[PDB]
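Residue numbers (the authors' numbering), protein chains in the order written: chain AS, 4 to 172; chain AF, 20 to 241; chain Bb, 3 to 59; chain AQ, 3 to 186; chain AC, 313 to 362; chain AT, 2 to 159; chain Be, 5 to 126. Ideal Cβ placement from N, Cα and C applies to all residues, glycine included. Read the structure below first, then the notes.
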Amino acid sequence: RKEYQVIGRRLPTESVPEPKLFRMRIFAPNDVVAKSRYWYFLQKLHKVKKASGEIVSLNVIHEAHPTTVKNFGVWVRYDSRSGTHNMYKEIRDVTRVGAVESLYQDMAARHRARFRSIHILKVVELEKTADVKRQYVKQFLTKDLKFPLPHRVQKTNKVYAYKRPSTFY
Amino acid sequence: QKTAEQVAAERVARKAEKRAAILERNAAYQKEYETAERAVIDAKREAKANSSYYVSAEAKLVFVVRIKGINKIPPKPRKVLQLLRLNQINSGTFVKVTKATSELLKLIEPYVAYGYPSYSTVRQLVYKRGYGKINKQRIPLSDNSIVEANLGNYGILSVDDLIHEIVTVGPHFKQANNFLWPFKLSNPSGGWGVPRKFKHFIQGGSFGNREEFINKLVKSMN
Amino acid sequence: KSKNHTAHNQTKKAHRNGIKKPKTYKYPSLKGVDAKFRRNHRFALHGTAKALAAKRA
Amino acid sequence: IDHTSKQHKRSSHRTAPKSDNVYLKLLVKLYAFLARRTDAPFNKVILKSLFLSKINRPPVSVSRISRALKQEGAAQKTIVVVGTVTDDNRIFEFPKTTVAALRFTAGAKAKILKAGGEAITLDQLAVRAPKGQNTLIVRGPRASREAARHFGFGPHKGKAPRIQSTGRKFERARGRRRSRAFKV
Amino acid sequence: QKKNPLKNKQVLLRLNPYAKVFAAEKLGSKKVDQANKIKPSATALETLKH
Amino acid sequence: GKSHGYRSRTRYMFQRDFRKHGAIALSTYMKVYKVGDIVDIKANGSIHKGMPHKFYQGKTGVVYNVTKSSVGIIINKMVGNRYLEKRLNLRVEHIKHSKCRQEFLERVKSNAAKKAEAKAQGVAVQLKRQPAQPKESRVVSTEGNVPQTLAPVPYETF
Amino acid sequence: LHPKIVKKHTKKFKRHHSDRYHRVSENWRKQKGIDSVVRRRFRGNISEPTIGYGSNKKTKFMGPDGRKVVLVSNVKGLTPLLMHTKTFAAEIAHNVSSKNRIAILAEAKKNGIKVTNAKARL
RNA sequence: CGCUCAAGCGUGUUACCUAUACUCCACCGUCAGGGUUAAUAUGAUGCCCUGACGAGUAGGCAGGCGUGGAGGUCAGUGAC
RNA sequence: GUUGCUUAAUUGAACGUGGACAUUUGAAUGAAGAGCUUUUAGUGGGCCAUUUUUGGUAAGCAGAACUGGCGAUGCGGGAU
RNA sequence: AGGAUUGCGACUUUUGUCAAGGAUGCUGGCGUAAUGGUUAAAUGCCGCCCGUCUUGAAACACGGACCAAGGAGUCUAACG
């Protein structure tokens, strides 16, 4: 998981020099996958392909403040067995790359949606506790939050034990 | 019988002249590679200041590796593998990149993994697993007297001079590459970094174009 | 009851031995050519034999 | 392993003679030594011809030797045959010559030595000329043999059919003329 | 017995006579470089960050 | 029973054309044919004499003989595991000149000019044909050409 | 320093179903079958003789001594092995009489030639 | 067999097990390419060097093991 | 230059005599040597898989197309 | 593995030295059933009954209770 920038162009053909340039914020494991997914989404917009064009720039976009908790709001299009549906989930994560990673896990768990059948439309960091709609996120945005962790368990590297252990905490 | 004893003193003196010629040429080729890397890195910084994007030159050389074994291979891709000298599983070559040679790689892309090497992986392959084709017969490249005897007509008077032609892609790449016997590589020490080997690099598997990550895969196999 | 026809292992048999080109030669076979042309062509080659014989002297 | 060509393939050439003759194998050893050593193309040709069979070594008539002497600038060359040299009674003026061969007939011995020639054998030739200097190799006609006419018979090849005897009432009527069905 | 240039060193020095001069001066390190300018940008950080 | 005639399965091949029926233009007859020229074959539905068999539609061959209304063309065809020589006799209406050899003669004259010209000046010719090489490095100007930020659209019902 | 002998496969190649049926002897014979598993090589079955099991050319026809054995029937047959004691050992035949063994064994021990048998009945 | 915040279902990230496959070395055979009695004891059919390859029914060719008689030869073995 | 062909012809068409131009043998890649001849064995019941596909409700049914397998083939995995 | 020397080199002020065209050095115990060989049983894993016709056999397909000797591409007239 990184958060690449892919600036394409199209070829400098005779008659029309200087093409318009096009930018996208692609998520991918490495540099080779980022260029593949660029041409995929560009092919659903303009008359271009890998033969008729070229990549100008490839830049990694690191997080500004990666040691701070943020409330993201992600829009998604995904394809089910029957058809295709639109959605709007909300995530409480430390980075954009971390938030998008956890979304692909949640879509695969509930809806059985794989990597190939998920279009990330737009990711937005929200400002105020009010814009957030979902209750499962709003639990953790309250005044003076405290809770215990009942039923702790140990993990012995050894097999046998001579105490009859407790679950106190 | 007599005077051949005196030739022992003579013949050694002429090889002392050749070692000086190798040393000065190796110093010159070191100055070419260091200036090549610095010129590209600074050229990006030149363009970035003037609100412009430097696009790098496309790869002039590519290295291929046979992934799939033998049998159950259709006749058209089997013929192309025969031309690129990848008859056995795990085999190297080097290919001079053109439009024509790129179409051959499209036909055989499920059965091979390939990418752009550097002056480091190429240096290890020619020393550790380097072998020359000398009147048929897979003969090793132990001494540089062997390379001068065969490839003395196109320059190439050393092992590093042969490496220079492969990396830079000179006028005698076709002769110099064909001289080398295909590199019989071992299986990778760490692994393939996958559960399954036949799915294409970008989806999950191993085959197809990987650009920068071929250097890591070869050094484990080397 | 019996199988009629097939073309399986047929092209595979052919490529074992060869699939070859038809050789080609300088001075091809002059057959199926116009008869009026050939009669005059014979007299031309007879006359030019006299010419080269007289030169070598 | 993708085997392009066939594996453990034979050379497809006679390495040594199939004959078990003692005196012939002595002659092979002499020329086999020279072919490795000398680096003269002449010696490698004669090494091949000593290995050949009876069909591949046809007889050279003495009239065939006389024709090669009429070549423009080849009067005194030592003509080296590799086979037998038979006598011919279709010629008269046989010139003063030098010949080298494995065998000579009783008639051909008289015809050469009457004019004042030199009937030499290949070992005696090797003493004079190791490299083969001022020589002229001659080979008899292969494809005038009685078996050669029958090879590759069919429509419409123009070859001879394999039969015992002889004229009419024997492979003439149906399939060889338009009156009786067709002309092949 | 084919040795290996990477190990052994005498077989390395049989090839590449430059291996003395490479190893002595430490070219797999080379200080190297440079001020004058840590030399900056213009409008690249707006498109990159956005 | 099975059908294996001379003009079997020739519904669309010897069909004439759309808006090109009737007579032929006179340039077809005016063209010259010497012994040596390469020629492609096209059957013409209107002309029934000297008509080729369906196999030789689109084939190419060299001319060996010439006569009043026709030209002899040898064509090599594949059968079993061995190529065979075949002799045809087609009329002028079906045959036309090939443009494959045309480009080769242009290359012969140009190379002769480059060798003769450059030897008395340049001392460097480079006359072998180069395959399409990869790119060289360059810089793209962004002045009045700023990148437009795209995004994948959501799903709609047309 | 003489090369140490390694025998590769010391176990005897028995014929298939030699122990099962009495009439089938233990002399080796190749299976020419179509249902046969010994021909096709299945896991957990008897091995077959193959050229890969052949011994080293340095030490072929040599026993534990490092000597190639020669059969001798009389005293005149000992004269090839006079100056070849380290390389060639002897062995006296079964058909030779009791008193003639003493004749051969006497002159054999003079020249220092090792006999495999003898021993010598006693 | 038994398994229930799994030893189940979807997805990710590492380690680890392992084929007669791949790399390297020993030995066997087959095939090719060389070098050599220039007196120089013992097999020129010799004596060495270098490189590749090895599944297989029907089928074809090659090199060997044994049985009964015939010609030669070890002045072969044997009532001890 | 050549002729009995062809031209109103001193034209044309075939096959030539002498002459000029070899780094740059005028795309890529490979080449395990290339081309050719004679002779004779077994075989002429086939079957399964991925796509293309006709009959049929459908079939471990019948019948074609293109490559790959089994038959002739073990070895690791799919419990078998 | 190999079994006189020959080559490429390195370190040397020099002679020489060396990890440089495949292991040498020093020490102990025993010198025979101890190491190995065959043979029988036990233990771990693996192994269906051969021959045959067949697309396909361990087959609910055919022949085989057991052993000894005998038992099947020979010779000829024209021929390639």
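Going by beta-carbon coordinates alone, are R83 (chain AT) and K22 (chain Bb) separated by less than 9 Å? Yes, the Cβ-Cβ distance between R83 (chain AT) and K22 (chain Bb) is below 9 Å.
DSSP state of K216 (chain AF) mapped onto helix, strand, coil: Coil, per DSSP.
In whole angstroms, what separates the C-alpha of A133 (chain AT) from that of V109 (chain AT)? Computed Cα separation, rounded: 21 Å.
Check whether the Cβ of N106 (chain AF) lies closer than 9 Å to any Cβ atom in chain AQ. Yes, its Cβ sits closer than 9 Å to a Cβ of chain AQ.
Continuous alpha helix (DSSP H) assignments of at least 4 residues falling wholly in the stretch 58-121 of chain AS: Fully enclosed alpha helix (DSSP H) runs of 4 or longer: 99-113.
Ignore the nearest five residues each way along the sequence and tell me which others in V93 (chain AT)'s own chain have a CB closer than 8 Å to its CB. Here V93 (chain AT) has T29, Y30, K32, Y34, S70, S71 and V72 as same chain residues with Cβ atoms under 8 Å from its own Cβ, once five neighbours each way along the sequence are excluded.
Looking at C-alpha atoms only, which residue of AS:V162, AS:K161 and AS:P153 is the closest neighbour of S169 (chain AS)? Taking only the C-alpha atoms, the option nearest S169 (chain AS) is AS:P153.
When we look at the beta-carbon of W32 (chain Be) and count the other beta-carbons within 10 Å, is it buried (16 or more) or exposed? Classification of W32 (chain Be): exposed, given that the 10 Å Cβ count is below 16.
Can you list the residues of chain AF that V124 (chain AT) reaches, using a CB-CB cut of under 7 Å? The contacting residues do not exist; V124 (chain AT) stays about 17 Å from chain AF at best.
Quick test of your reading: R229 (chain AF) and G134 (chain AF), contact by CB under 8 Å. State the CB separation rounded to the nearest angstrom. So it is a contact: roughly 4 Å between Cβ atoms.
So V141 (chain AF) and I182 (chain AF) are in contact, right, with Cβ under 8 Å, and what is the actual spacing, rounded? Their Cβ separation, rounded to whole angstroms, is 6 Å, which keeps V141 (chain AF) and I182 (chain AF) in contact under 8 Å.
Is it buried or exposed for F106 (chain AQ), if we count other Cβ within 10 angstroms and need 16 for buried? Per the 10 Å Cβ criterion, buried.
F94 (chain AQ) to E74 (chain AQ), Cα distance in whole Å? So the two alpha carbons sit approximately 21 Å from each other.
With respect to the beta strand (DSSP E) encompassing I108 (chain AF), which residues constitute its N-terminal and C-terminal limits? From DSSP, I108 (chain AF) is part of no beta strand (DSSP E); its letter is neither H nor E.
Take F113 (chain AF) as the anchor and find which of AF:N90, AF:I89 and AF:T187 has the nearest alpha-carbon. It is AF:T187 whose Cα lies nearest to the Cα of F113 (chain AF).
Distance check for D147 (chain AS) and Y139 (chain AS), CA to CA, integer angstroms please. In a straight line, the C-alpha of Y139 (chain AS) is about 17 Å away from that of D147 (chain AS).
Short CB-CB distance (under 9 Å) between residue 2 (chain Bb) and chain AT: Any question about residue 2 (chain Bb) goes unanswered here, given that chain Bb covers just 3 to 59.
Quick one: using the 10 Å Cβ neighbour count with 16 as the cut-off for buried, is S102 (chain Be) buried or exposed? With a threshold of 16 other beta carbon atoms within 10 Å, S102 (chain Be) falls short and is exposed.
Interface positions of the stretch 91-123 of chain AS facing chain AF (Cβ-Cβ less than 8 Å), listed along the chain: Flagged: no residues at all.
Would you mind stating whether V119 (chain Be) and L109 (chain Be) have Cβ atoms separated by less than 9 Å? Closer than 9 Å, so yes.
Just the C-alpha distance for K14 (chain Bb) and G81 (chain AT), rounded to the nearest angstrom, thanks. One C-alpha to the other measures close to 11 Å.
Residues that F220 (chain AF) contacts on chain AS, provided the C-beta gap is smaller than 7 Å: The contacting residues are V35.
By DSSP, does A121 (chain AQ) sit in helix, in strand, or in coil? Three-state DSSP puts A121 (chain AQ) in a strand.
Along the beta strand (DSSP E) that carries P159 (chain AF), what are the first and last residues, could you check? Residues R157 to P159.
What would DSSP say about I55 (chain Be), mapped onto helix, strand or coil? Three-state result, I55 (chain Be): helix.
So which residues on chain AF does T6 (chain AQ) lean against when the C-beta distance must stay under 8 Å? Under a criterion of Cβ atoms nearer than 8 Å, the residues of chain AF adjacent to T6 (chain AQ) are, in order, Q101 and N106.
Chain-ordered neighbours of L42 (chain AF) on chain AC, where CB pairs are closer than 7 Å: Against chain AC, a Cβ distance below 7 Å from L42 (chain AF) picks out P329 and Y330.
Does any CB atom of chain AC fall closer than 9 Å to the CB of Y146 (chain AF)? Chain AC contact via Cβ: present.
Sheet register partners of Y73 (chain AF) (DSSP bridge): Residue pairing by DSSP puts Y73 (chain AF) in a beta bridge opposite AT:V140.
Can you list the residues of chain AC that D179 (chain AF) reaches, using a CB-CB cut of under 7 Å? Simply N328.
Residues within the stretch 48-74 of chain AS neighbouring chain AT, beta-carbon criterion of under 7 Å: Look at the stretch 48-74 of chain AS: the residues with a C-beta under 7 Å from a C-beta of chain AT are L48 and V59.
Element boundaries [alpha helix (DSSP H), containing residue 211 (chain AQ)]: With chain AQ covering 3 to 186 only, the question about residue 211 (chain AQ) has no answer from this structure.
Closer than 9 Å, Cβ to any Cβ of chain AQ: which residues of the stretch 72-100 of chain AF, in chain order? So the list reads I89, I92, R97 and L100, given in the order they occur along the chain.
Is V73 (chain Be) closer than 9 Å to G81 (chain Be) when the C-beta atoms are compared? For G81 (chain Be) and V73 (chain Be), no; Cβs fall outside 9 Å.
Cβ shell of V36 (chain AT) (< 8 Å), same chain only, five flanking positions each side left out: Answer for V36 (chain AT): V64, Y65, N66 and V67, listed in chain order.
In the DSSP assignment, what residue or residues form a beta bridge with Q8 (chain AS)? Its beta-bridge partners are AS:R28 and AS:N62.
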